[PDB]
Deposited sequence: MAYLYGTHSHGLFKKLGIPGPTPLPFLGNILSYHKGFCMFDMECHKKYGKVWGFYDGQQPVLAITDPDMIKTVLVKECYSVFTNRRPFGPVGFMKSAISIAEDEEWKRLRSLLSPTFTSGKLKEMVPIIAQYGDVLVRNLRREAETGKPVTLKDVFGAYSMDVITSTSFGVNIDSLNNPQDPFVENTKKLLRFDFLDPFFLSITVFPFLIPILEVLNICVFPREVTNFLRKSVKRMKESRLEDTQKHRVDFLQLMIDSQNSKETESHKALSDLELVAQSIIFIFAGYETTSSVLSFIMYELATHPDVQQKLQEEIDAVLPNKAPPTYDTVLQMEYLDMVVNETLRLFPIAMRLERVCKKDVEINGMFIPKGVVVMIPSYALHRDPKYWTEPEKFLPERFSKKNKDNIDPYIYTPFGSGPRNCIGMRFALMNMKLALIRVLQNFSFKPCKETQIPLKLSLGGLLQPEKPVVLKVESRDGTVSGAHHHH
């Protein structure tokens, strides 16, 4: 079906047999979407192997796909690799099976349940200072992904189950393209690996959590789920997605934020002045305190514009439909390039620069909510959106109250992204930390 986009009148790169357009991923995932958006315009198509993928940039077509016709056509994402038992994961699940998981897990991410976890995750904000006060008084560059990754991992274990550890102080068992590139080009190898108990995840784990959730089902995220019903294998499958999310997401974004604050001291100083103004004399941050700091929100929102760790938003077309005046055949994965839309002169002035004033209450009104979608949109959006921003800002407040950040001789200026498809820096961010 390599002539589908050419028989529909949709431009795009010429695909190769079997391979399709995956050879154009040598520059990276984001560079491929920006080049295709530059030479093809608002709509183009390419092939991930034999699978056709359609990209859209029009805000009305994106609104129709993600918000309007979500339950009817664009309900699921594309199926990937051997999932093993993980089929029941809310993000892997499809159709009405997901609608039950989305509903049974929606109360866990409410405006009231989030405030319950504020006194818990604020404790690790004090622990992060202790590990910082040790790596700052030692007076030498510090790798941010380790300290932030430890904070995020301890926040996960306490808010998911309630296990209080110090992932940085006890580094003995803190839990935690080849095989799969051939999987995308050869989708007919997925069922064979499923019948052989082979999973993309290291399947020998999971059974740890499958048996770790035993003393808890006899006497946070977990307590607010079993009480009602969810299965035992489902309950472990959902907790694996909650760990994979809150770890790599919170760790990578915080490292991206501290890079911009260290490379723009005018933004870090203005942010530290607002934090000290709302919280005088290193006051503890509360739920209502975080929702008040607007410049802190402007810094978080602008960094997510530059580095949306999702990169892409994918939806599977369930039936032959016609949205906003164009036909889409059944089986085509409709992709929304979030990275390419965030760095486009059509909607952003100086898209390569870091200007937090783009999200000021005066300028936040002239921003299309479907061009800037770091958490997706519609029913299939990020269920842990409000939980993520609260955990990151609570860490940002406690960190900036005691320390400042300056670049180092090893700091990569400018910063280069990873060559893979994790949206992490090429080299781990290292900065100089000084105590106030």
Counting from 1 along the deposited sequence, what's missing? 1-8, 185-196, 240-249, 259-268, 477-487
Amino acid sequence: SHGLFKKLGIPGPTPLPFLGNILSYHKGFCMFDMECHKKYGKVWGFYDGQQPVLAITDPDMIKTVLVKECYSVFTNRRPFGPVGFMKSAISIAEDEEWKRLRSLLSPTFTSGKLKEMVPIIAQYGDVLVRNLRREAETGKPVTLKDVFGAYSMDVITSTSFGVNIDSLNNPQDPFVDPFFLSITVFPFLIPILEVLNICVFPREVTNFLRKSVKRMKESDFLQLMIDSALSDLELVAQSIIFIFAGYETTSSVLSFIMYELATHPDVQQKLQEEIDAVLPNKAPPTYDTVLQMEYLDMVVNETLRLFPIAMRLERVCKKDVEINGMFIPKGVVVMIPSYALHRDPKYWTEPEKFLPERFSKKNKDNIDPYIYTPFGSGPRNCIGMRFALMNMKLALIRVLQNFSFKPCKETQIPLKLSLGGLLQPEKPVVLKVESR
From here on, numbers count along this sequence of modelled residues.
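Heads up, when I say rigid core I mean the largest set of C-alphas that superpose within 1.5 Å between the two forms.
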Which is farther from the shown form in 9 other deposited structures of this protein in C-alpha RMS with the core fitted, 200-208 or 272-280? 200-208
Rigid core superposition result in 9 other deposited structures of this protein, more deviant of 166-174, 321-329 by Cα: 166-174
Mean Cα B factor from the PDB record: higher for 406-414, or higher for 51-59? 406-414
Which is higher in the entry, the mean Cα B factor of 67-75 or that of 139-147? 139-147
Of the options 249, 164, 338, 182, which has the highest CA B factor as deposited? 164
By the CA temperature factor listed in this entry, which of these ranks top: 297, 344, 276, 357? 276
Relative C-alpha B-factor of residue 423, binned into the chain's lowest, middle or highest third: lowest
Residue 303: C-alpha B-factor third of its chain, per the entry, is the lowest
Split the chain's modelled residues into thirds by Cα B-factor; is residue 91 in the lowest, middle or highest one? lowest
Going by the entry, which third of its chain does the Cα temperature factor of residue 349 land in? lowest
Lowest, middle or highest third - CA B-factor, residue 82: lowest
